[PDB]
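Asker: Below: one structure in structure tokens.
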Amino acid sequence: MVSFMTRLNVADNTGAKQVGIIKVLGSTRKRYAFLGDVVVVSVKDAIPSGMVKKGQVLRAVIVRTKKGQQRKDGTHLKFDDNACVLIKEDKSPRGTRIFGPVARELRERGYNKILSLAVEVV
Amino acid sequence: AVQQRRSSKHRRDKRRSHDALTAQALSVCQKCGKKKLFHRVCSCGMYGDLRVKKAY
Amino acid sequence: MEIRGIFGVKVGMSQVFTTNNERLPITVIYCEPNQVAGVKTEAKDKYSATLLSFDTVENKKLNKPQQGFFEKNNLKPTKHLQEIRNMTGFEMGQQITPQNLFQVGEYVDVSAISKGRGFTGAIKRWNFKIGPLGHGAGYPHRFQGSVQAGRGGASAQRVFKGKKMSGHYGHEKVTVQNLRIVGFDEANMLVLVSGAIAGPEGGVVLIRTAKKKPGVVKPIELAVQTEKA
Amino acid sequence: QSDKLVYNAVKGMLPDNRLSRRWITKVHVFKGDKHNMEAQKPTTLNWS
Amino acid sequence: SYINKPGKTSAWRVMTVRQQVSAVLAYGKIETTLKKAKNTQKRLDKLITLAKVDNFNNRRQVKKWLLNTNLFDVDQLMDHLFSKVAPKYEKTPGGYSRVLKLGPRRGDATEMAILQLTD
Amino acid sequence: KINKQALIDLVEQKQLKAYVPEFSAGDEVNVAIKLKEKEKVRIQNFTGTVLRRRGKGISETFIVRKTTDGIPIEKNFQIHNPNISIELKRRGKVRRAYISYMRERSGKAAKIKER
RNA sequence: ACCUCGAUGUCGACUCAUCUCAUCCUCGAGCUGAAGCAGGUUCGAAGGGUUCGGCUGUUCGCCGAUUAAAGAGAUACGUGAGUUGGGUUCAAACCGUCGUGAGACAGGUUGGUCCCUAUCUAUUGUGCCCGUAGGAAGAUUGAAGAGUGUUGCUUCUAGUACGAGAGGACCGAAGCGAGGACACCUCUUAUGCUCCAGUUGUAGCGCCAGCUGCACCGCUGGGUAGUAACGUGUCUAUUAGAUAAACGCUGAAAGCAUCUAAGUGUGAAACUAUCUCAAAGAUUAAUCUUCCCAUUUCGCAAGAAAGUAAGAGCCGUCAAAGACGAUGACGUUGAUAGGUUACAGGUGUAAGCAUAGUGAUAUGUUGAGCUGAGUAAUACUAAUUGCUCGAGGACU
RNA sequence: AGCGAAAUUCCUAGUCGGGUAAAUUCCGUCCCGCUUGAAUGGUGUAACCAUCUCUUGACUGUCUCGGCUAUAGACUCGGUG
């Protein structure tokens with residue numbers, strides 16, 4: 001499905017433009033990507049309009065995949081847009097406003113003010 | 001590939017003797033002669049349904 | 001643990017919305033009630049087993065030795081019979097239903113046939129790897145897989161016995177354990193079981209007690225609001 | 001299983017022929033006490 | 001696979017089915033291999049069921065699987081069949097024609113089968 | 001034993017809604033979704049059209065595509081799911097079922113509907 | 001230099017791995033100038049795993065990104081009758097050099113072809129003969145087995161103990177898991193090539209319309225069943241026996257004591273019981289069961305003739321199955337396949353009629369058109385009254 | 001003079017910069033120049049090379065991650081063989 005190396009935009013006011021997935025954290029052989037999961041990424045394009053610069057390897061969070069997935073509650077959520085977010089190891093990223101929708105899978109892991117701040121909560 | 005020897009008569013027979021033919025089904029005609037295979041039209045026309053066919 | 005169970009046949013499979021209004025893969029199975037033909041108790045037959053009769057058919061299409069044995073035991077005419085070893089014995093001739101055999105939440109094991117794939121290669125029968133075909137393909141990429149523990153005068157110079165090779169795949173009953181009992185029904189001997197059923201079309205399932213535990217019943221049922229507006 | 005141990009020992013002390021394995025078949029050793037040839041009046045001996 | 005007998009795909013299969021159904025309707029009976037005979041009989045049953053009801057729509061529907069043959073032109077074929085064959089079998093539900101096993105041909109020594117109709 | 005295989009209706013009746021406003025590929029519809037969070041009962045409203053509708057009684061599913069402020073989201077629901085409140089909005093001219101060209105078109109280019 | 005110089009494919013990569021521990025993690029434990037955290041040292045033990053991108057004729061070598069860990073050694077330096085040929089070491093040529101020069105450098109580069117229809121040992125599944133010992137067949141046992149026995153995160157218990165202070169434990173439970181074995185296409189995706197709708201050109205059909213062939217199954221959109229995954233569904237056990245490290249309690253030798261010399265518990269992802277099934281030709285041919293008849297009798301108990309009814313095979317309707325065999329039912333005693341019928345599904349108002357539009361076109365027609373394999377009753381067709389062998393319990 | 005690790009330089013994985021998440025790629029800067037060298041040219045040059053590379057766009061079944069069907073055989077049947 002959603003294999004890595006897919007340049008995507010951001011979801012908040014961070015100045016960065018593009019970023020690519022590089023590796024899977026911890027156990028390998030995952031080979032795929034899912035919504036609301038923390039994955040180590042390699043930035044691909046980040047103009048100095050913010051704080052991110054090209055050549056940085058950190059763990060970003062993807063929330064939108066155009067391929068979509070089946071959540072085991074009985075909701076086949078499939079998106080048509082791609083974007084991610086970079087959290088500073090807490091419940092708030094650098095941007096003031098959160099653009100783009102956000103999944104509710106990231107609930108028992110916290111991060112509810114982001115839902116209240118994002119444009120859509122599905 | 002190939003070996004460095006020949007295959008004698010016995011190996012071939014062990015291959016050939018198990019290629020031997022078998023028996024067949026059979027159907028005695030209930031109205032005529034010319035004994036025929038089972039589920040097959042007898043070679044003298046008159047078949048069960050009718051003379052669906054001819055002798056030749 | 002205590003061994004009980006009943007037979008079954010696949011009569012469909014779809015989604016069922018259980019409690020919390022969440023989808024569960026539920027397979028509808030027609031269970032075949034078994035009429036006990038007796039018990040082959042140990043110290044009397046050396047292998048304890050409850051003899052179950054099944055495939056209820058008529059009389060004029062029966063075999064004289066089987067018919068004679070069936071009448072000697074006076075068991076009601078069913079086409080076939082089988083034993084379940086170490087199964088809890090029951091009286092000769094009775095009503096066997098999964099609703100009374102188990103609870104609506106116990107854990108059971110199943111035994112269902114698979115699909116006949118005909119002759120099949122390793123990658124689809126043992127699920128081995130297939131490498132890239134780019135930068136030139138040419139020769140067959142998937143025939144048997146290359147192994148070399150034998151080369152020269154004496155390293156192995158032959159293959160170990162049991163190396164999975166040419167043959168037919170599938171069309172064999174597979175036993176899976178630890179499947180929950182989901183729903184109880186007795187209108188037409190129907191049951192509900194969670195998961196995906198082995199068998200391509202019209203598979204027959206042998207269901208007995210799971211052998212990891214006797215099966216702890218937990219309350220799970222279906223939730224729905226059948227309303228008209 | 002201990003009778004098969006004696007089977008292996010005697011089969012290792014016999015000359016390897018078809019007669020050897022037939023002699024092995026001609027031995028009825030079992031761990032239990034209930035058998036069938038005791039009805040044939042077996043002459044009791046020891047170390048023959 | 002390069003130069004050889006090029007193809008025996010389902011296109012040629014349905015083409016041969018059309019040729020054989022046209023022939024058997026042109027001669028009331030045909031003798032061919034049983035494997036092809038059964039597929040021919042299925043298509044013949046479908047055509048017969050289509051021809052049971054008669055109308056310009058039904059004629060158009062029937063005119064999608066027939067071709068001109070000798071001793072019976074396609075128009076002559078249609079006329080003769082719709083005149084006699086369709087009403088004759090309009091009382092038997094299913095099992096319209098009869099297929100019976102024949103002997104082997106001299107050429108390929110392969111099994112043949114005879115399909116008969118117009119009772 | 002011979003089974004009619006009509007048990008699909010029997011398992012439907014234990015999961016069926018009694019009104020269930022139906023739809024075809026090419027009809028706009030809004031779907032109300034009651035959610036029991038026990039702290040915020042969100043009546044999720046999903047508007048759009050059904051792109052493909054699976055039938056066969058109990059396997060009846062359908063994908064609805066919403067465009068929330070220019071964000072296209074196509075989500076596949078199921079007919080027999082509880083808490084489903086389908087409210088029919090309008091019906092359009094069903095040109096071909098399983099609309100695949102409606103998964104790529106957007107507003108100011110939609111099809112006509114019926115009040 | 002012992003033969004393979006009367007041909008040794010002898011690298012890398014990929015697949016398959018396997019074998020051993022000097023296990024790396026992983027399991028447990030002891031010791032420790034080891035408060036805890038965090039360690040180090042020593043010991044036994046393999047169940048699984050021991051990552052990836054890149055450059056390089058490279059695993060190498062290095063950079064960078066992850067886990068509790070990114071192992072080591074081996075298979076003519078694993079794997080060219082498995083594949084490629086990526087090249088020192090071709091021929092063709094160049095760069096710089098050397099040689100007076102043919103050419104060469106133990107230097108680099110442009111470019112470049114590494115066959116096999118399997119005779120057999122080996123290996124895997126399927127089939128016929130009979131044994132199997134009165135035959136035939138159902139239930140089986142089980143002698144020996146295999147698969148499998150992997151792993152982490154978080155929280156509650158606990159910021160609890162611990163030092164005092166930051167910091168901060170193993171484990172009881174829970175969920176989250178990865179990853180694979182397995183199940184099917186149930187919902188999502190894919191597929192669907194005799195399935196249809198839109199759909200142009202030629203060719204034809206007196207003509208419009210309409211049909212067909214070809215033009216990538218003319219094409220695009222889908223989809224019945226089946227078949228896969230990109231889909232979610234079972235599991236990652238427990239138990240016991242002996243257990244390694246490792247303590248034991250008693251206790252002698254050697255009037256104290258001391259796991260040991262006697263007796264006596266403990267305890268490792270290690271081994272096996274235990275889980276999944278195969279599994280009597282298992283010659284160790286194992287048990288029970290029922291039916292068969294014992295319808296005479298020259299000959300060696302029923303062939304010198306009556307020769308199973310138990311069945312078994314042939315043939316066909318077929319199909320979970322499906323290279324053939326076999327597989328399971330059915331075979332006129334009749335519903336086993338195809339249908340006949342109605343239905344699911346879509347294909348989405350067919351043609352055509354009528355109305356307005358020059359015409360395209362806008363509405364009833366009408367979910368209409370049909371359905372390979374989808375759901376069910378179905379003598380309507382096909383499954384022959386068809387052929388062959390087939391017992392006297394063979395001997396204690 | 002010029003050019004100077006390159007197809008040429010042994011010290012090499014030549015210094016440094018660029019890019020690359022990550023450069024045994026490549027291009028520029030110094031110049032490890034046994035063997036730098038001026039018509040077996042010293043520097044480069046417009047167009048072009050089935051010239052040799054290096055990077056990207058778009059793109060894909062090459063990988064992820066393989067499945068269905070069709071032809072063609074492999075399977076059976078008949079003829080040679």
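If you're wondering about the labels, chains in the structure tokens are A, B, ... by order shown, residues count from 1 in each chain, ligands from 1 in order shown.
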Extract, using only C-alpha atoms (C1' of nucleotides), all DNA, RNA and protein residues at most 8 Å from residue 92 of chain F, discarding same-chain residues fewer than 4 positions from it, and format them as a PDB file with N, CA, C and O atoms, in the first residue's frame.
Answerer:
ATOM      1  N   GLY F  26     -24.954   8.021  -8.520  1.00  0.00           N
ATOM      2  CA  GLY F  26     -25.373   9.219  -9.216  1.00  0.00           C
ATOM      3  C   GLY F  26     -26.471   9.959  -8.481  1.00  0.00           C
ATOM      4  O   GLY F  26     -27.221  10.734  -9.082  1.00  0.00           O
ATOM      5  N   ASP F  27     -26.579   9.722  -7.177  1.00  0.00           N
ATOM      6  CA  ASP F  27     -27.542  10.404  -6.326  1.00  0.00           C
ATOM      7  C   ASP F  27     -26.829  10.950  -5.100  1.00  0.00           C
ATOM      8  O   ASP F  27     -26.166  10.204  -4.374  1.00  0.00           O
ATOM      9  N   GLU F  28     -26.964  12.254  -4.874  1.00  0.00           N
ATOM     10  CA  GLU F  28     -26.349  12.899  -3.723  1.00  0.00           C
ATOM     11  C   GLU F  28     -27.128  12.558  -2.460  1.00  0.00           C
ATOM     12  O   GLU F  28     -28.355  12.431  -2.485  1.00  0.00           O
ATOM     13  N   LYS F 111     -23.524  16.954 -11.502  1.00  0.00           N
ATOM     14  CA  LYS F 111     -24.676  16.559 -12.295  1.00  0.00           C
ATOM     15  C   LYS F 111     -25.960  17.151 -11.723  1.00  0.00           C
ATOM     16  O   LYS F 111     -26.016  17.592 -10.572  1.00  0.00           O
ATOM     17  N   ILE F 112     -27.008  17.154 -12.552  1.00  0.00           N
ATOM     18  CA  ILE F 112     -28.298  17.674 -12.115  1.00  0.00           C
ATOM     19  C   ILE F 112     -28.927  16.719 -11.103  1.00  0.00           C
ATOM     20  O   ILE F 112     -28.648  15.515 -11.071  1.00  0.00           O
ATOM     21  N   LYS F 113     -29.783  17.277 -10.250  1.00  0.00           N
ATOM     22  CA  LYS F 113     -30.438  16.518  -9.194  1.00  0.00           C
ATOM     23  C   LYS F 113     -31.937  16.794  -9.265  1.00  0.00           C
ATOM     24  O   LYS F 113     -32.405  17.591 -10.083  1.00  0.00           O
ATOM     25  N   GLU F 114     -32.699  16.130  -8.396  1.00  0.00           N
ATOM     26  CA  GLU F 114     -34.145  16.316  -8.318  1.00  0.00           C
ATOM     27  C   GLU F 114     -34.512  16.663  -6.885  1.00  0.00           C
ATOM     28  O   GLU F 114     -34.110  15.960  -5.954  1.00  0.00           O
TER      29      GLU F 114
END
Asker: From a DSSP calculation on the backbone, collect every residue of segment 9-108 of chain F in strand (DSSP E) and output the set as a count of residues only.
Answerer: 41
Asker: Using only C-alpha atoms and a distance of at most 8 Å, pull out the residues of chain E that contact chain B, as a PyMOL selection string.
Answerer: chain E and resi 100-103
Asker: At what distance in Å, to one decimal, does atom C1' of residue 313 of chain G lie from atom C1' of residue 385 of chain G?
Answerer: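 So the two atoms, atom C1' of residue 385 of chain G and atom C1' of residue 313 of chain G, lie 20.5 Å apart.
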Asker: Give the residues of chain H that lie within 10 Å of chain E; count only C-alpha atoms (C1' of nucleotides), and format the answer as a list in words.
Answerer: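 Interface list for chain H against chain E: residues 70, 71, 72, 73, 77, 78 and 79 of chain H.
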Asker: How about saving the chosen residues, N, CA, C and O atoms (P, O5', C5', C4', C3', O3' and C1' of nucleotides) kept, as a PDB file, in the first residue's frame?
Answerer:
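Below is the file that was written, out-v3.pdb:
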ATOM      1  P     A H  70      -7.437 -19.455 -19.824  1.00  0.00           P
ATOM      2  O5'   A H  70      -6.896 -18.776 -21.160  1.00  0.00           O
ATOM      3  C5'   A H  70      -7.785 -18.124 -22.055  1.00  0.00           C
ATOM      4  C4'   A H  70      -7.041 -17.272 -23.052  1.00  0.00           C
ATOM      5  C3'   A H  70      -5.974 -17.983 -23.866  1.00  0.00           C
ATOM      6  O3'   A H  70      -6.513 -18.690 -24.968  1.00  0.00           O
ATOM      7  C1'   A H  70      -5.111 -15.943 -23.044  1.00  0.00           C
ATOM      8  P     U H  71      -6.341 -20.284 -25.074  1.00  0.00           P
ATOM      9  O5'   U H  71      -5.977 -20.522 -26.606  1.00  0.00           O
ATOM     10  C5'   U H  71      -4.651 -20.832 -27.006  1.00  0.00           C
ATOM     11  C4'   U H  71      -3.907 -19.608 -27.482  1.00  0.00           C
ATOM     12  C3'   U H  71      -2.472 -19.852 -27.924  1.00  0.00           C
ATOM     13  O3'   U H  71      -2.391 -20.269 -29.274  1.00  0.00           O
ATOM     14  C1'   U H  71      -2.539 -18.013 -26.434  1.00  0.00           C
ATOM     15  P     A H  72      -2.040 -21.793 -29.639  1.00  0.00           P
ATOM     16  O5'   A H  72      -0.514 -21.733 -30.096  1.00  0.00           O
ATOM     17  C5'   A H  72       0.466 -21.107 -29.282  1.00  0.00           C
ATOM     18  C4'   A H  72       1.478 -22.104 -28.781  1.00  0.00           C
ATOM     19  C3'   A H  72       0.910 -23.407 -28.246  1.00  0.00           C
ATOM     20  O3'   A H  72       0.600 -24.333 -29.274  1.00  0.00           O
ATOM     21  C1'   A H  72       2.524 -22.569 -26.737  1.00  0.00           C
ATOM     22  P     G H  73       0.159 -25.837 -28.911  1.00  0.00           P
ATOM     23  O5'   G H  73       1.537 -26.589 -28.633  1.00  0.00           O
ATOM     24  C5'   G H  73       1.618 -27.618 -27.660  1.00  0.00           C
ATOM     25  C4'   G H  73       2.979 -27.672 -27.008  1.00  0.00           C
ATOM     26  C3'   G H  73       3.111 -28.659 -25.862  1.00  0.00           C
ATOM     27  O3'   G H  73       3.348 -29.980 -26.308  1.00  0.00           O
ATOM     28  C1'   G H  73       3.995 -26.574 -25.197  1.00  0.00           C
ATOM     29  P     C H  77      -2.643 -41.521 -23.457  1.00  0.00           P
ATOM     30  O5'   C H  77      -3.505 -41.150 -24.743  1.00  0.00           O
ATOM     31  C5'   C H  77      -4.904 -41.388 -24.774  1.00  0.00           C
ATOM     32  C4'   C H  77      -5.492 -41.049 -26.118  1.00  0.00           C
ATOM     33  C3'   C H  77      -4.659 -41.439 -27.324  1.00  0.00           C
ATOM     34  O3'   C H  77      -4.721 -42.818 -27.636  1.00  0.00           O
ATOM     35  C1'   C H  77      -5.451 -39.240 -27.610  1.00  0.00           C
ATOM     36  P     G H  78      -3.388 -43.581 -28.106  1.00  0.00           P
ATOM     37  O5'   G H  78      -3.329 -43.299 -29.671  1.00  0.00           O
ATOM     38  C5'   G H  78      -4.406 -43.689 -30.505  1.00  0.00           C
ATOM     39  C4'   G H  78      -4.484 -42.857 -31.759  1.00  0.00           C
ATOM     40  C3'   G H  78      -3.233 -42.801 -32.616  1.00  0.00           C
ATOM     41  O3'   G H  78      -3.006 -43.975 -33.373  1.00  0.00           O
ATOM     42  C1'   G H  78      -4.138 -40.639 -32.421  1.00  0.00           C
ATOM     43  P     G H  79      -1.513 -44.556 -33.500  1.00  0.00           P
ATOM     44  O5'   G H  79      -0.800 -43.560 -34.517  1.00  0.00           O
ATOM     45  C5'   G H  79      -1.235 -43.480 -35.865  1.00  0.00           C
ATOM     46  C4'   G H  79      -0.235 -42.766 -36.738  1.00  0.00           C
ATOM     47  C3'   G H  79       1.219 -42.826 -36.295  1.00  0.00           C
ATOM     48  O3'   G H  79       1.867 -44.048 -36.598  1.00  0.00           O
ATOM     49  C1'   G H  79       0.682 -40.614 -36.867  1.00  0.00           C
TER      50        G H  79
END
Asker: Quick one: residues within 9 Å of segment 44-61 of chain C, only C-alpha atoms (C1' of nucleotides), excluding same-chain residues fewer than 4 positions away - as a PyMOL selection string?
Answerer: (chain C and resi 7+32-40+67+75-90+92-93) or (chain F and resi 1) or (chain G and resi 139-141+287-288+333)
Asker: Hey, what's within 10 Å of segment 31-34 of chain H if we count only C-alpha atoms (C1' of nucleotides) and toss same-chain stuff fewer than 2 positions away? As an MDAnalysis selection string, please?
Answerer: chainID H and resid 4:5 9:11 14:15 29 36
Asker: Mind writing the picked residues with C-alpha atoms (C1' of nucleotides) as a PDB file, in the first residue's frame?
Answerer:
ATOM      1  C1'   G H   4      47.910  19.626 -13.669  1.00  0.00           C
ATOM      2  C1'   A H   5      44.875  12.464  -8.941  1.00  0.00           C
ATOM      3  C1'   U H   9      49.043  10.564  -9.965  1.00  0.00           C
ATOM      4  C1'   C H  10      52.370   5.167  -5.891  1.00  0.00           C
ATOM      5  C1'   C H  11      51.323   7.406  -1.431  1.00  0.00           C
ATOM      6  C1'   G H  14      44.852  12.944  -3.067  1.00  0.00           C
ATOM      7  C1'   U H  15      43.165  18.847   0.604  1.00  0.00           C
ATOM      8  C1'   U H  29      39.883  24.653  -5.283  1.00  0.00           C
ATOM      9  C1'   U H  36      53.525  17.689 -16.703  1.00  0.00           C
TER      10        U H  36
END
Asker: So that I can check the surroundings of residue 143 of chain C, please list as a list in words every protein, DNA and RNA residue that reaches within 9 Å of it, counting only C-alpha atoms (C1' of nucleotides) and ignoring chain neighbours fewer than 5 positions away.
Answerer: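 Selected residues are residues 121 and 122 of chain C; 82 of chain G.
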Asker: Do you have the atom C1' of residue 204 of chain G-atom CA of residue 36 of chain E distance handy?
Answerer: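 So the two atoms, atom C1' of residue 204 of chain G and atom CA of residue 36 of chain E, lie 28.8 Å apart.
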Asker: Using only C-alpha atoms (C1' of nucleotides) and a cut-off of 12 Å, which residues of chain G sit close to chain D? Please list them as a ChimeraX atom specification.
Answerer: /G:143,283-284,396
Asker: May I have the selected residues written with N, CA and C atoms (P, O5', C5', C4', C3', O3' and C1' of nucleotides), as a PDB file, in the first residue's frame?
Answerer:
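Contents of out.pdb, as written:
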ATOM      1  P     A G 143       3.753 -45.750  20.131  1.00  0.00           P
ATOM      2  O5'   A G 143       4.703 -46.983  20.483  1.00  0.00           O
ATOM      3  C5'   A G 143       4.684 -48.176  19.715  1.00  0.00           C
ATOM      4  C4'   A G 143       5.891 -48.288  18.816  1.00  0.00           C
ATOM      5  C3'   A G 143       6.670 -46.995  18.579  1.00  0.00           C
ATOM      6  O3'   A G 143       7.653 -46.747  19.571  1.00  0.00           O
ATOM      7  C1'   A G 143       6.130 -47.965  16.502  1.00  0.00           C
ATOM      8  P     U G 283       7.095 -53.412   8.387  1.00  0.00           P
ATOM      9  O5'   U G 283       6.132 -54.665   8.209  1.00  0.00           O
ATOM     10  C5'   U G 283       5.762 -55.464   9.326  1.00  0.00           C
ATOM     11  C4'   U G 283       6.256 -56.883   9.184  1.00  0.00           C
ATOM     12  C3'   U G 283       7.754 -57.073   9.399  1.00  0.00           C
ATOM     13  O3'   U G 283       7.981 -58.360   9.969  1.00  0.00           O
ATOM     14  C1'   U G 283       7.183 -57.738   7.204  1.00  0.00           C
ATOM     15  P     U G 284       8.516 -58.503  11.477  1.00  0.00           P
ATOM     16  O5'   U G 284       7.510 -57.630  12.351  1.00  0.00           O
ATOM     17  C5'   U G 284       7.270 -57.969  13.710  1.00  0.00           C
ATOM     18  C4'   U G 284       6.504 -56.892  14.439  1.00  0.00           C
ATOM     19  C3'   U G 284       5.380 -56.219  13.669  1.00  0.00           C
ATOM     20  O3'   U G 284       4.192 -56.991  13.643  1.00  0.00           O
ATOM     21  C1'   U G 284       6.671 -54.588  14.813  1.00  0.00           C
ATOM     22  P     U G 396      -4.945 -76.931  10.437  1.00  0.00           P
ATOM     23  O5'   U G 396      -3.488 -77.077  11.063  1.00  0.00           O
ATOM     24  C5'   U G 396      -3.219 -78.034  12.078  1.00  0.00           C
ATOM     25  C4'   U G 396      -2.857 -77.368  13.381  1.00  0.00           C
ATOM     26  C3'   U G 396      -3.993 -76.657  14.098  1.00  0.00           C
ATOM     27  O3'   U G 396      -4.805 -77.535  14.859  1.00  0.00           O
ATOM     28  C1'   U G 396      -2.118 -75.228  14.000  1.00  0.00           C
TER      29        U G 396
END
Asker: Taking 3 positions as the minimum chain separation for residues in the same chain, which residues sit within 6 Å of residue 15 of chain C when counting only C-alpha atoms (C1' of nucleotides)? Answer as a PyMOL selection string.
Answerer: chain C and resi 24-26
Asker: Using N, CA, C and O atoms, can you write the selected residues to a file as a PDB file, in the first residue's frame?
Answerer:
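Wrote result-v8.pdb, looks like this:
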ATOM      1  N   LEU C  24     -17.435  -7.561  12.634  1.00  0.00           N
ATOM      2  CA  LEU C  24     -16.670  -8.759  12.916  1.00  0.00           C
ATOM      3  C   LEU C  24     -16.832  -9.767  11.786  1.00  0.00           C
ATOM      4  O   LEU C  24     -17.957 -10.012  11.334  1.00  0.00           O
ATOM      5  N   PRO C  25     -15.740 -10.361  11.301  1.00  0.00           N
ATOM      6  CA  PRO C  25     -15.869 -11.387  10.257  1.00  0.00           C
ATOM      7  C   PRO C  25     -16.480 -12.665  10.807  1.00  0.00           C
ATOM      8  O   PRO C  25     -15.816 -13.427  11.517  1.00  0.00           O
ATOM      9  N   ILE C  26     -17.743 -12.915  10.473  1.00  0.00           N
ATOM     10  CA  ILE C  26     -18.521 -14.001  11.057  1.00  0.00           C
ATOM     11  C   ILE C  26     -18.921 -14.965   9.948  1.00  0.00           C
ATOM     12  O   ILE C  26     -19.464 -14.547   8.918  1.00  0.00           O
TER      13      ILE C  26
END
Asker: Show me, as a PyMOL selection string, every residue of chain E with an atom at most 8 Å from chain G, counting only C-alpha atoms (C1' of nucleotides).
Answerer: chain E and resi 10-11+13-14+57+60+63-64+92-99
Asker: With a cut-off of 9 Å, could you pull out the residues of chain B touching chain G and give me the nearest pair of atoms for each, distance in Å to one decimal, using only C-alpha atoms (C1' of nucleotides), ordered by chain and ascending number, as JSON lines?
Answerer:
{"residue": "B:1", "atom": "CA", "partner": "G:118", "partner_atom": "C1'", "distance": 5.6}
{"residue": "B:2", "atom": "CA", "partner": "G:119", "partner_atom": "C1'", "distance": 6.0}
{"residue": "B:3", "atom": "CA", "partner": "G:119", "partner_atom": "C1'", "distance": 5.7}
{"residue": "B:4", "atom": "CA", "partner": "G:119", "partner_atom": "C1'", "distance": 8.6}
{"residue": "B:5", "atom": "CA", "partner": "G:119", "partner_atom": "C1'", "distance": 7.8}
{"residue": "B:6", "atom": "CA", "partner": "G:119", "partner_atom": "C1'", "distance": 7.3}
{"residue": "B:7", "atom": "CA", "partner": "G:119", "partner_atom": "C1'", "distance": 6.6}
{"residue": "B:18", "atom": "CA", "partner": "G:128", "partner_atom": "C1'", "distance": 8.7}
{"residue": "B:23", "atom": "CA", "partner": "G:314", "partner_atom": "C1'", "distance": 7.1}
{"residue": "B:24", "atom": "CA", "partner": "G:314", "partner_atom": "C1'", "distance": 5.6}
{"residue": "B:25", "atom": "CA", "partner": "G:314", "partner_atom": "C1'", "distance": 4.6}
{"residue": "B:26", "atom": "CA", "partner": "G:387", "partner_atom": "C1'", "distance": 4.5}
{"residue": "B:27", "atom": "CA", "partner": "G:386", "partner_atom": "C1'", "distance": 4.3}
{"residue": "B:28", "atom": "CA", "partner": "G:386", "partner_atom": "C1'", "distance": 6.2}
{"residue": "B:29", "atom": "CA", "partner": "G:386", "partner_atom": "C1'", "distance": 8.3}
{"residue": "B:30", "atom": "CA", "partner": "G:385", "partner_atom": "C1'", "distance": 8.6}
{"residue": "B:37", "atom": "CA", "partner": "G:315", "partner_atom": "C1'", "distance": 8.3}
{"residue": "B:38", "atom": "CA", "partner": "G:315", "partner_atom": "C1'", "distance": 5.6}
{"residue": "B:39", "atom": "CA", "partner": "G:315", "partner_atom": "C1'", "distance": 6.3}
{"residue": "B:48", "atom": "CA", "partner": "G:384", "partner_atom": "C1'", "distance": 7.8}
Asker: Given the selection you just returned, output its residues as a file containing C-alpha atoms, formatted as a PDB file, in the first residue's frame.
Answerer:
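Result written to part_5.pdb:
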ATOM      1  CA  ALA B   1      22.249 -34.174 -18.870  1.00  0.00           C
ATOM      2  CA  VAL B   2      23.429 -37.729 -19.564  1.00  0.00           C
ATOM      3  CA  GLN B   3      25.279 -40.442 -17.680  1.00  0.00           C
ATOM      4  CA  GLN B   4      28.426 -42.354 -18.648  1.00  0.00           C
ATOM      5  CA  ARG B   5      26.702 -45.730 -19.199  1.00  0.00           C
ATOM      6  CA  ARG B   6      23.853 -47.317 -21.118  1.00  0.00           C
ATOM      7  CA  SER B   7      20.399 -48.454 -20.008  1.00  0.00           C
ATOM      8  CA  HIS B  18       4.293 -50.729 -16.701  1.00  0.00           C
ATOM      9  CA  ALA B  23      -9.183 -53.385 -20.184  1.00  0.00           C
ATOM     10  CA  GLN B  24     -12.185 -51.409 -21.433  1.00  0.00           C
ATOM     11  CA  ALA B  25     -15.872 -50.967 -20.749  1.00  0.00           C
ATOM     12  CA  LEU B  26     -18.312 -53.097 -22.706  1.00  0.00           C
ATOM     13  CA  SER B  27     -21.996 -53.048 -23.694  1.00  0.00           C
ATOM     14  CA  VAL B  28     -23.893 -56.070 -25.001  1.00  0.00           C
ATOM     15  CA  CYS B  29     -26.591 -54.945 -27.416  1.00  0.00           C
ATOM     16  CA  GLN B  30     -30.114 -55.681 -26.194  1.00  0.00           C
ATOM     17  CA  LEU B  37     -18.412 -50.259 -25.829  1.00  0.00           C
ATOM     18  CA  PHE B  38     -20.431 -49.042 -22.861  1.00  0.00           C
ATOM     19  CA  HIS B  39     -22.256 -45.721 -23.311  1.00  0.00           C
ATOM     20  CA  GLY B  48     -31.935 -47.616 -27.100  1.00  0.00           C
TER      21      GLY B  48
END
